[PDB]
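One chain follows as structure tokens, the form deposited without the DNA.
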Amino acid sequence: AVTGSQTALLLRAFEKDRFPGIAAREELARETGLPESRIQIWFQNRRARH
């Protein structure tokens, strides 16, 4: 699971760039302190639900 702060940051990103490319995902990884693969999973999962 990701933290509340990470969720808030990722959701705001998702609502501006719904399909981040690898550079954007690596940047979100650095912003959040999450691995890039975890960023990708989070976006894939959210899009599969929406």
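All residue numbers refer to positions in the sequence shown, first residue = 1.
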Lowest, middle or highest third of the chain for the C-alpha temperature factor of residue 3?
middle
Residue 24, C-alpha B-factor rank within chain (lowest, middle or highest third)
lowest
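The same protein also has a form deposited with the DNA bound, omitted here; what follows describes it.
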Residue 32: heavy atom within 4.5 Å of the DNA in the bound PDB entry?
no
Would residue 44 count as a contact of the DNA in the bound PDB entry, using a 4.5 angstroms cut-off between non-hydrogen atoms?
yes
Note that the DNA is not shown here; using its position in the bound PDB entry, name the residues of 1-36 with a heavy atom within 4.5 Å of it, in sequence order.
1, 2, 19, 25
